[PDB]
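# Reading the structure
Listed here are the chains, written in short residue letters.
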Amino acid sequence: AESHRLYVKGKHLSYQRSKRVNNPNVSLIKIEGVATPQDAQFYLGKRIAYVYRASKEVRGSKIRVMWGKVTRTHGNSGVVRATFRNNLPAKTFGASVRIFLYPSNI
Amino acid sequence: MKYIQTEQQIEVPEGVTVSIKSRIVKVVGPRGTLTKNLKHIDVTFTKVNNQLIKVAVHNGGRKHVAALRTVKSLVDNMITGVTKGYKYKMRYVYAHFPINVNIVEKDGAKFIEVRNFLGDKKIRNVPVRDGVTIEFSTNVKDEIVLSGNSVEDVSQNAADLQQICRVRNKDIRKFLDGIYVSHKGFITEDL
Amino acid sequence: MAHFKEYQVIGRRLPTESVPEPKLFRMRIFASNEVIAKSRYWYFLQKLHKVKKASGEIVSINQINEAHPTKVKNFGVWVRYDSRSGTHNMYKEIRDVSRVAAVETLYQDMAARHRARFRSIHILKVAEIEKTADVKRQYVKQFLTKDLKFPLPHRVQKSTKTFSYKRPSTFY
Amino acid sequence: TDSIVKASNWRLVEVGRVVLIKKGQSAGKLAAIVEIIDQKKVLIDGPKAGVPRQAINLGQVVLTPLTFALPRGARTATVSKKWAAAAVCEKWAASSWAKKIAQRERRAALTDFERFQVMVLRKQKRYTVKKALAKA
Amino acid sequence: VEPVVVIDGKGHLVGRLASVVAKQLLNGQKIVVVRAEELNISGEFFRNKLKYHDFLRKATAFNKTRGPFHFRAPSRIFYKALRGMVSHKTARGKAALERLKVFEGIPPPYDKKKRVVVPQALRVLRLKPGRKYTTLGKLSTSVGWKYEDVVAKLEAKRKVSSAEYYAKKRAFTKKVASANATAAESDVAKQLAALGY
Amino acid sequence: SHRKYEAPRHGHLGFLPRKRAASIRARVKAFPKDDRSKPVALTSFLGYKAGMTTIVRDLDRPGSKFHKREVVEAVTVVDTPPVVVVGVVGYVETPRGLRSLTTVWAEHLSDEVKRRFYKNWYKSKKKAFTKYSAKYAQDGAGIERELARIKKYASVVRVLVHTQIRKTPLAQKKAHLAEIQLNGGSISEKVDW
RNA sequence: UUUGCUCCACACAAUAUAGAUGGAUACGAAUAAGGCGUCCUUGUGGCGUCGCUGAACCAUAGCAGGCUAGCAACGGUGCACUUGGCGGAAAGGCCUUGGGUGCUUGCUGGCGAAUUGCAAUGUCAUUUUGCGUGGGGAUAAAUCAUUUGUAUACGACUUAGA
Ligand SMILES: [Mg+2]
Ligand SMILES: [Mg+2]
Ligand SMILES: [Mg+2]
Ligand SMILES: [Mg+2]
Ligand SMILES: [Mg+2]
Ligand SMILES: [Mg+2]
Ligand SMILES: [Mg+2]
Ligand SMILES: [Mg+2]
Ligand SMILES: [Mg+2]
Ligand SMILES: [Mg+2]
Ligand SMILES: [Mg+2]
Ligand SMILES: [Mg+2]
Ligand SMILES: [Mg+2]
Ligand SMILES: [Mg+2]
Ligand SMILES: [Mg+2]
């Protein structure tokens, strides 16, 4: 129809960090509609894509993707920790990100 | 200690009908109509019967409860002010220079004009507040009479006149000159 | 200090050769666990009798539950406490459904009104007030009147979402 | 010309006021106010609903419009008897409040297929209503 | 949730509104705030006037230009509360701040767009009743903001139009209601009712 | 330490910065408060400073030692040939302040004003306002609806006037154009004027 | 200064992007009070009803949504056109009339889909610009130099010149 979407929307928030030091190996993800750590336990291990554009066509597309997975829950409000094959660029704090429904346990 | 409920009673006479929505109060009676905004308070008015209205405060502190009675008073003086009405009498006081008091008008004014105070060449002017009527009392020496439905407006217009006559740069024990509020009462006789 | 339990604690001086079977004293102690409770016992015991833990022995420790946990009670409460500039005796009245809950709010009260921490307070007595109008303080008496009813004006519902499409209402 | 002073008529905390418990192991269950402890605390008993006689904070509970005759400090057996007598359950169930609750619980239980069926029906209901809307 | 979220500042507490706006920006949410002049600050008018004059005496001693700037407008008093909650000297901060717009009144297109509220910054939910508080418009006007009358005027005009709009809609939803109920009791209706609809 | 002797500072800090002005024609930063009961008139005028001279007149000042006596006084003289009206601008109120909504112009424009719109007159094809001029040739629709739009909106109304500098001994030839606020009554009456 | 400029239309090429992926879905005011319906004496009015969250409402089925037939309705909706009207706070958008046209999953049919091999964003958005085409539309100025002195350290300013 009008909606083709198979993933849940999300936001790249931060790197894992202290007050004064960050950890680019871990990204903190806000998943839409997940407000508690319990809700967020559903998504652990789900795979994440960050999709973007580039000028050079490569394998035939001008669209590229960084892949990752959700790893643990973060804090009380339903934020989630996730790692990616290569670390996310950090200009993407605030950028949208796609959480999929696979691998499925339902 | 947060008193759980304390309340007050507002007695309603046989001529008037008071109506309150939100905290806006309207009291209508023989002599006119007065309205007042109570929204700054947090009390709950309750009608019981046509001659009786209650005001109460729930789970209130000292300062809050203190404000209950004064709410009752304000609405009371509205009720009586709309029936009996209010009358403030003032007298002139001077030991040499006679104080000369008139009523002038500029552009729909009604100002109170005080001349020669302590010999002053300066002309003092206090505005007549809407709702108050000033009559220079016949048969009484240097008496001025302010009257109206609103205590607040009459008491204030009076005070305005008594203060415009304050005496600077003299011993105000020796120099007593002024226009002072000499009686407070109602418009209707008997009561 | 924590959520309190009430303990019976019984102790005695160690038996001597010439004084076997010494005299067995009991205290009722409010504490969050038996470790603190036994500590408190020796605390007050050394304030009364000639002993200390080293020469004494704990005979028995037992928790005492409320006899009627769902029944509302008016508690009279007696306390000694230290202020910055002196030490003082007090009497407060607390209304609640168990001794253990009453001592909870007492300790909260002393902290809030008189700035007394737990170390600075002695519970002298806690006893149920059996006849009303033996009830003294009026912040309690208030609640003993017949056919008692009150509203809860200006109600605030907690929002689960950062945005709302309505504007709220405090009606209740 | 009468007086006419407002209303502002609140739900009262009183013996026999029935409350909907908003959070806990009870949570969604009705109960009744037995005694009252202080301004923030009351004793509640929920026997029909299966909620244990207990002291509770008022803020954990939301006052309903329903009331029924209860002796202050009435025990559980008594409470259970007066409750059924007063028929408060059917009275609650009849309220829009309760109905709204049951409604959204049904929605949440919907199967993906059932969701699809709900859609085909709204399509159908929409067709005839929009029709009626154009004829008057 | 939405590409843009329009907040009607009326009856919101400055610092708490600022605090939630700042976070939304940094998370990539565009925000426009309207009716900034109808914003609130706790404390009575005089305290907050005095606090503004406190802020007013700070200036670079050798050149008052390099020194701190004092913006008098309600939207700008707001933007200050907000900008201090953003790390505004970083690319990331400047990025988040460009997602923001503040306005006194409700200017075009936003006037015909829906606006929302923030229950955790809402004064009437937040402030304990009886506490004294302050309206931003009156504060600003006392420190030199020139436009309070022009805004109030335009708003009163805007408010008349919006009333007709509302009236026409309330009437239309009265037909839609009547039609919806004439369909009630039919098959499709009772079937939807079963499925929770 | 401290000054050791006190003296007032030098010069007024309200006149900073002390710099060349942005133009020879100083800007009118304020106009008289509008009283809309009076007939429509200009609130200002343009002219050129010729010079000064001396005057003798009797002084009427009761109480002064020179009451009823003659005094001699210096005066300036500014040359003020009639100004000419080439246009109107309406202004509307906004939360950001006054802004100009539209400007309607006269159909014919003196070369004195046309000159003002060029930095090189002799070389130019002098095309200024030529297309604008045409809007009059049609029934006048466009010019009316602007004139019309001024009335509906517009808190304040100003006329565009210029000087006839050719009536002046000056060598210049390039006239001076400026906006003057109309303080006579009734915004609609104002534009009509 | 080698056929330049602009607006509309498509065409190719680049260039990008603080981050589309069903819908930013419009009273105002009060909160110790209100929304909605209804009646009327049109009021600070009578009666009814609601809240306790948008967990809503709307939309949503079809090769990323192909090719086709019919029925019931007279409804919905897209698009380009036409009628009348409204909006200046930054209006640059809103409403209305009328015919044309496409779609309709309101209901009932016929055909298609594979082999992209068990997942690999599997590409559908909108920014700016450049090069030719042809449909309208338009045919200037500024600067240097010279010159004035209401100006000026130099620049700048202010005059003048077919
Ligand atoms: Mg460090
Ligand atoms: Mg003195
Ligand atoms: Mg003296
Ligand atoms: Mg659902
Ligand atoms: Mg100073
Ligand atoms: Mg000195
Ligand atoms: Mg225009
Ligand atoms: Mg970028
Ligand atoms: Mg209505
Ligand atoms: Mg009514
Ligand atoms: Mg809704
Ligand atoms: Mg289709
Ligand atoms: Mg088919
Ligand atoms: Mg804008
Ligand atoms: Mg071309």
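Residues numbered from 1 in each chain as written, not as in the entry; some residues may be left out. Chains lettered and ligands numbered in written order. Part of a larger assembly, values for the part shown. Heavy atoms only, no water. Residues with missing side-chain atoms left out of burial classes, pairs and counts.

For this deposition, the record names X-ray crystallography as the technique by which the model was determined and cites 3.0000 Å as its resolution.

With the PDB entry as reference, chain C is termed 60S ribosomal protein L20-A, source organism Saccharomyces cerevisiae. This structure appears in the PDB under the title "Crystal structure of chlorolissoclimide bound to the yeast 80S ribosome". Turning to chain C, the UniProt annotation filed under Subcellular location states: "Cytoplasm". The UniProt entry for chain C carries the following comment under Sequence similarities: "Belongs to the eukaryotic ribosomal protein eL20 family." (UniProt positions renumbered as here; feature names shortened; annotations may be inferred.)

Named according to the PDB entry, chain B is 60S ribosomal protein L9-A originating from Saccharomyces cerevisiae. According to its UniProt record, chain B has this under Subcellular location: "Cytoplasm".

Residue and element names in this part refer to chain B. Domains assigned within chain B are domain 1 (1-85) and domain 2 (86-191). Computed over C-alpha atoms only, the centres of domain 1 and domain 2 are separated by 31 Å. Contacts between the two partners involve 13 residues from domain 1, matched on the other side by 12 residues from domain 2. At the boundary of domain 1 with domain 2, total buried surface from both sides reaches about 890 Å², with 53% on carbon and sulfur atoms. (Domains from an automatic or database assignment. Contact = heavy atoms within 4.5 Å. Buried area = accessible area lost by both parts, 1.4 Å probe.)

On to the pairing of strand 3 (residues 24-29) of chain B. Residue and element names in this part refer to chain B. The two faces of strand 3 differ: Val25, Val27 and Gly29 on one face are buried, but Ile24, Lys26 and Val28 on the other face are not. Relative to strand 3, strand 2 (residues 17-21) runs antiparallel, the two sharing five bridges. When the sheet's bridge partners are listed, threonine 17 is paired in strand 3 with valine 28. In textbook terms, the turn of a hairpin is the stretch between consecutive antiparallel strands, and for strand 2 and strand 3 this stretch comprises two residues, one of which, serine 22, has a positive phi near 50°. Pairing geometry for strand 3 and strand 4 (residues 32-37), over six bridges, is antiparallel. Within the sheet, the bridge partner assigned to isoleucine 24 lies in strand 4 and is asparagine 37. (Buried < 20%, exposed > 50% of the residue type's maximum accessible area, 1.4 Å probe, protein only. Helix = DSSP H or I, 4+ residues; strand = E, 2+ residues; numbered from the N terminus. Pairing = 2+ DSSP bridges.)

Another point: the interface of chain E and chain A. Every contact between the two is made by five residues of chain E and, on the other side, five residues of chain A. Contact between chain E and chain A buries roughly 380 Å² in total, counting both sides, with carbon and sulfur atoms accounting for 43%. In terms of surface lost to chain A, no three residues of chain E exceed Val1(E), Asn27(E) and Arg92(E), which account for 72% of the buried area on that side. Along the contact surface separating chain E from chain A lie zero salt bridges. Taken together, the connections running from chain E to chain A amount to zero residue pairs in polar contact. Residue composition of the side of chain E that touches chain A, by class: two nonpolar, two polar and one charged. (Salt bridge = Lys/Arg side-chain N within 4 Å of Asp/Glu carboxyl O. Polar contact = N/O pair within 3.5 Å; in protein donor to acceptor, adjacent residues only side chain to side chain. Nonpolar A, V, L, I, M, F, W, Y, C, P; charged D, E, K, R; others polar.)

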